[PDB]
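# Structure, please.
(chains A and B, ligands or ions: 4)
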Protein chains: 2
Amino acid sequence: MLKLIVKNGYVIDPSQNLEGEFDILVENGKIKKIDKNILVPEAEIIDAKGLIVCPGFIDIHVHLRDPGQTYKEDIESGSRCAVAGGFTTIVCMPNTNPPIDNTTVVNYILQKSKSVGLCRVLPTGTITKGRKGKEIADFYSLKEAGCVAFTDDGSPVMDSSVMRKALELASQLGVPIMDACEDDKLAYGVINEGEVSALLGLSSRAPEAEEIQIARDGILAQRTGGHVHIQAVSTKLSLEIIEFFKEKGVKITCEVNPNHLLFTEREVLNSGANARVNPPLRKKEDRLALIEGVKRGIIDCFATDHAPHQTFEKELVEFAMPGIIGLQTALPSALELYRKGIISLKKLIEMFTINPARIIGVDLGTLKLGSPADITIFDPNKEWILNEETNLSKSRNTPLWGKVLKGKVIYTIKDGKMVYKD
Amino acid sequence: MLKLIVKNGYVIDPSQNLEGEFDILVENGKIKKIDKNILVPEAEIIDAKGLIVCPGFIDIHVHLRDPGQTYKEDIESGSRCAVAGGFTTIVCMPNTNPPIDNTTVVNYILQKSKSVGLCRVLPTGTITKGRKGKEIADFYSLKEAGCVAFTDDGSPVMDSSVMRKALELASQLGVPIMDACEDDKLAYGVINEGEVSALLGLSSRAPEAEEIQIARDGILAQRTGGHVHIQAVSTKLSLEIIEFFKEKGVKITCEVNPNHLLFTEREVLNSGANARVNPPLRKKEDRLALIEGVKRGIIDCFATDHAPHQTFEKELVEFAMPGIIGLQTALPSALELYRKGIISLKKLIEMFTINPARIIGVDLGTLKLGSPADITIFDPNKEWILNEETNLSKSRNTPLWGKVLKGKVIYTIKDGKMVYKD
Ligand SMILES: O=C1C[C@@H](C(=O)O)NC(=O)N1
Ligand SMILES: O=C1C[C@@H](C(=O)O)NC(=O)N1
Ligand SMILES: [Zn+2]
Ligand SMILES: [Zn+2]
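Numbering: from 1, shown residues only, chains lettered A, B, ... in the order given. Ligands and ions are numbered 1, 2, ... in the order given. For reference, the structure is listed below:
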């Protein structure tokens, strides 16, 4: 590995308004040149003919379950999922055990991720000590150790001064707060407060629980000057509120879990506990609004909230752990919107690359000369099935289990090294 | 009293798009006819020549301090203030002692107000038992006894399900929630979080405390179908948020304390503790936004939050009770906006009459044929001073104490009976 060439693919680099049939030369893990028919003496070649070539995808919302819940997933299994899904960078959430609220846990993750060596794993810290919601965590030490953001995911912050103080201390450090928006007085049940909760009598989680905290966060972001990133947006009103603050110049970004683009609460009737997730799958009108928010640029990126749980944690809905895996299914799920002509291919790539890069302030999601050779190569049309043959997660918890997907990664490249191939 | 005629005044009844020089005939406490030069055998006459004749003003935010704090004010002293200020109807707040959370306190107030016999006093109930914020109050019994709305004024409701449940049970009964919007984690100091708190080191109350709860209430109103009325709006962002929900068809109304139209936090430096109020007086930009919200119809009515406290409760700002009296000063204060050409005279009257009537769902604030003869007659140009000679409150707590006011009530009429004259 001095020299690599990605030949004959259809390159798309939205960060540079760059697209067409170009080759890419990689030198020492870095992007060296992008040009028609490049040829160099003694080069590694991967042939991308008929395929899409773009920056490595970045997922800013992943649960690696490591430390403490490694029977669900661990840094290795999650990293394999990531790269098999086209991700060269993932941000891991801090609801591990022990939680990421000290530099020992950060370092453990960084070192283990280096040993695994497939994608870049960027840790976040908790907003509060122990994620108990009471006292701000040591942002200064956690950022210095490598945390890129603070969240209490998957717990909301209930005290408004705690959230304000988080935003103040984080912005002072130049990093965002990622907020898990669900007021715990209005969201302590198991599924959406809609038709399915009404029909079955399952306890519910009110859409206002999410909306009220998003509105709170926009106001706090506005008044503190901090940047708040809203995780897994799930309702129409939510998007309206976000846009209202974006219109004012507030540093508020957001993401959508592709599952919320594909499924409604009705999925609880078809997939049972594999449709239990926080925030819940909500109504048709919400699903369609989300797609509209993707189209209109209100939703800044796709992020999986890859949240693996074992099958015995996905039995009776009432007792089931919330969450859906998604790293391996993000791309075909997104490509569904491309196929319906809702978004362009460039737009889909933006949402996986440069947009998430800008949210967390990393110079990635790009094929700019001199930048790391993180490259994803994919077939928008290749069909496959997520099943035992194909699943890289330790867990299986997704309503897309066993269903036909269209769109698939052929190559994932990280610092000029092929870390995944079909 | 069979027959009364209000002669030669300039009548304005915005509810009917009615204005001009007309006489008003009153028969048995009711409006009988409105016409040019009416004359009837053996009639009482009050001459309104050169004066403005309009429906009695309604103030939907008054502290009567009765029961329990009658050294501040009582039903009698507050009613005299009301009528001297042009108000034939006031809504009293439930932060009395004991608070209005049972039908005994409601009935005491209704009966005492009947005995006093000057203006109609309409009680509200608390949102929570004891106003402690934990358990919803008995709305059903309180409404049946005569309460027209529920509020925990001057305490916010901190639990979101409590507020949601209040809105649900109130809308079921057809009555609004009036919410005192100030998140207690962000508003536990004494003055605005602005220049004056920074300069002096007085504890502060963050504008976001108000904004976050208004945003919460709009969302709750939207999702429950209830009507929420936002009390004493004080910031620019607040008005933006309200308008955002009004635009969506949400039943959300609001009011402005005229003091917030006249004064900023700087008044704490000139008037000391008589400028201590919740929500606080904020910045110039907020003051001007409020005036703009009055102009653009975002603010639905004027309401005084008449909040009397004794002089010994208005000494060192840190220990002072929050609040400003305002019933006698509301009209000249409002007329300041008329004089600057910010609002028309019709608009000023709307904000004191039909708009507050519609908020609380009473058929008042009108000179419609058959309706109660509640009539206010005033001189927009008459100068006076609020001082010992002129004050009808038991308390003196207003930065307008001793200052020249322009605009003054000459007559107040309630059910055809003259209850006040200059
Ligand atoms: O907020 C969350 C956290 C997550 C998890 O399992 O970590 N699963 C979810 O469904 N929602
Ligand atoms: O919320 C409130 C209540 C009031 C009072 O004294 O009742 N005074 C105020 O200044 N704000
Ligand atoms: Zn998560
Ligand atoms: Zn009040």
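# residue ranges for the strands of the stretch 201-350 of chain A, please.
Taking DSSP state E, counting those that start in this stretch as the criterion, the stretch 201-350 of chain A carries its strands at A:204-205, A:228-230, A:252-256, A:301-302.
# In a markdown table: these, plus distance to residue A:28 and mean neighbour count.
Bear in mind the C-beta positions are built from the backbone N, C-alpha and C, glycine included. Compiled in a markdown table, these are given as follows (distance: least, C-beta to C-beta, whole Å; neighbours: other C-beta atoms under 10 Å in any protein chain shown):
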| stretch | distance to residue A:28 | mean neighbour count |
| --- | --- | --- |
| strand A:204-205 | 50 | 24 |
| strand A:228-230 | 33 | 28 |
| strand A:252-256 | 33 | 26 |
| strand A:301-302 | 29 | 28 |
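# okay, those strands in a markdown table with distance to residue B:108 next?
A markdown table is the format used below for those (distance: least, C-beta to C-beta, whole Å):
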| stretch | distance to residue B:108 |
| --- | --- |
| strand A:204-205 | 41 |
| strand A:228-230 | 48 |
| strand A:252-256 | 49 |
| strand A:301-302 | 60 |
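# Which one of the ones you listed lies nearest to residue B:2?
Closest approach to residue B:2 among the strands of the stretch 201-350 of chain A (C-beta to C-beta): strand A:204-205, 61.4 Å.
# on that earlier part again, and of the strands of the stretch 201-350 of chain A, who's closest to ligand 1?
strand A:204-205 (10.2 Å; C-beta to the nearest ligand atom).
# near chain B, anything from the closest one?
No - on the criterion C-beta under 8 Å from any C-beta of the partner chain, strand A:204-205 is out of touch with chain B, staying 11.9 Å away.
# Most proximal residue of chain A with respect to chain B?
Chain A approaches chain B most closely through residue A:215 (3.8 Å), counting by C-beta to the nearest C-beta.
# what sits opposite whichever residue of the stretch 251-400 of chain A sits closest to ligand 2 in the beta ladder?
Residue nearest to ligand 2 within the stretch 251-400 of chain A (C-beta to the nearest ligand atom): residue A:252, separated by 29.8 Å. With DSSP bridges as the criterion, residue A:252 is bridged to residue A:228.
# what do you get for residue A:192?
residue A:205.
# how near is it to residue B:299?
36 Å (C-beta to C-beta, to the nearest Å).
# Around residue A:107, how many other residues sit close by?
By the criterion of other C-beta atoms under 10 Å in any protein chain shown, residue A:107 has 13 neighbours.
# I figured residue A:211 was touching residue A:238, is that so?
Yes - with contact defined as C-beta atoms under 8 Å, residue A:211 and residue A:238 form a contacting pair (5.4 Å).
# The residue of chain A closest to chain B: what's its closest spatial neighbour, skipping adjacent residues?
Nearest residue to residue A:215 in three dimensions, chain neighbours excluded: residue B:215, at 3.8 Å (C-beta to C-beta, 6 or more residues apart in numbering or on different chains).
# quick one: contacts for the one you found?
Residues in contact with residue B:215 (C-beta atoms under 8 Å, 6 or more residues apart in numbering or on different chains) are A:212, A:215, A:216, A:219, A:241, B:241.
# Among these, find me the one that's closest to residue A:133.
For residue A:133, the nearest member of the contacts of residue B:215 is residue A:216. The distance, counting by C-beta to C-beta, is 14.4 Å.
# Quantify the burial of the closest one by counting its neighbouring residues.
27.
# so who does it touch?
Residue A:216 sits next to A:160, A:163, B:212, B:215, B:216 when contact means C-beta under 8 Å, 6+ apart.
# Near ligand 3, which residues of chain A? Just list them.
A:93, A:153, A:305 (C-beta under 5 Å from the ion).
# The first one against residue A:124, yeah?
Yes - at 6.3 Å, residue A:93 counts as touching residue A:124 under the criterion of C-beta under 8 Å.
# what do these two both touch?
With contacts taken as C-beta under 8 Å, 6+ apart, residue A:93 and residue A:124 have A:151, A:153 as neighbours in common.
# Give me the common contacts of residue A:211 and residue A:238.
With C-beta under 8 Å, 6+ apart, residue A:211 and residue A:238 have common neighbours residue A:181.
# Helices along the stretch 151-300 of chain A, start to end?
A:160-172, A:195-200, A:207-224, A:236-247, A:258-262, A:267-271, A:284-295 (DSSP state H, counting those that start in this stretch).
# got the contact list for the second one?
I take that to be helix A:195-200. By C-beta under 8 Å, 6+ apart, helix A:195-200 touches A:189, A:191, A:202, A:203, A:204, A:265, A:266, A:268, A:269, A:283.
# now with 10 Å?
A:189-191, A:202-206, A:264-269, A:275, A:280-281, A:283-284, A:317-318 (C-beta atoms under 10 Å, 6 or more residues apart in numbering or on different chains).
# now that helix, how far from the centre of its chain.
Taking C-alpha atoms, centre = their mean, to the nearest Å, one finds the center of helix A:195-200 at 29 Å from the center of the full chain.
# Does residue A:189 touch residue B:161 like I think?
No - counting by C-beta atoms under 10 Å, residue A:189 stays clear of residue B:161, with 11.7 Å between them.
# For stretch A:368-383, buried residues please.
The neighbour-count check on stretch A:368-383 (16 or more other C-beta atoms under 10 Å in any protein chain shown) flags A:368, A:372, A:373, A:374, A:375, A:376, A:377, A:378, A:379, A:380 as buried.
# likewise stretch A:340-354?
Quick answer for stretch A:340-354 (16+ other C-beta under 10 Å): A:343, A:345, A:347, A:348, A:349, A:350, A:351, A:352, A:353, A:354.
# Out of the residues you listed, flag the one nearest to residue A:11.
Of those, the one sitting nearest to residue A:11 (C-beta to C-beta) turns out to be residue A:349, at 10.5 Å.
# who's in contact with the most centrally placed residue in chain A?
Nearest to the mean C-alpha position of chain A, by C-alpha atoms, centre = their mean, lies residue A:303 at 2.4 Å. Taking C-beta under 10 Å, 6+ apart as the criterion, residue A:303 is in contact with A:58-62, A:90-91, A:178, A:229, A:231-232, A:254-258, A:326, A:330, A:351-352, A:355-356, A:359.
# contacting residues around stretch A:31-43?
Residues from elsewhere that reach stretch A:31-43 (C-beta under 10 Å, 6+ apart): A:2-8, A:11, A:13, A:16, A:18, A:20-27, A:45, A:53, A:55, A:366-375, A:416.
# rerun at 6 Å
A:3, A:5, A:22, A:23, A:24, A:25, A:367, A:369, A:371, A:373 (C-beta atoms under 6 Å, 6 or more residues apart in numbering or on different chains).
# Now the terminal residues of it, how far apart.
The straight-line separation of the ends of stretch A:31-43 (C-alpha to C-alpha, to the nearest Å) is 14 Å.
# buried stuff in that stretch?
Result for stretch A:31-43 [16+ other C-beta under 10 Å]: buried residues A:31, A:32, A:34, A:38.
# Please identify which helix or strand holds the second one.
This means residue A:32. Using DSSP states H and E, residue A:32 maps to strand A:30-35.
# And the last one, by the same measure?
Of the helices and strands defined by DSSP H and E, none includes residue A:38.
# Next one: it from ligand 1, what distance?
Separation of residue A:38 from ligand 1 (C-beta to the nearest ligand atom, to the nearest Å): 44 Å.
# Lovely, talk soon.
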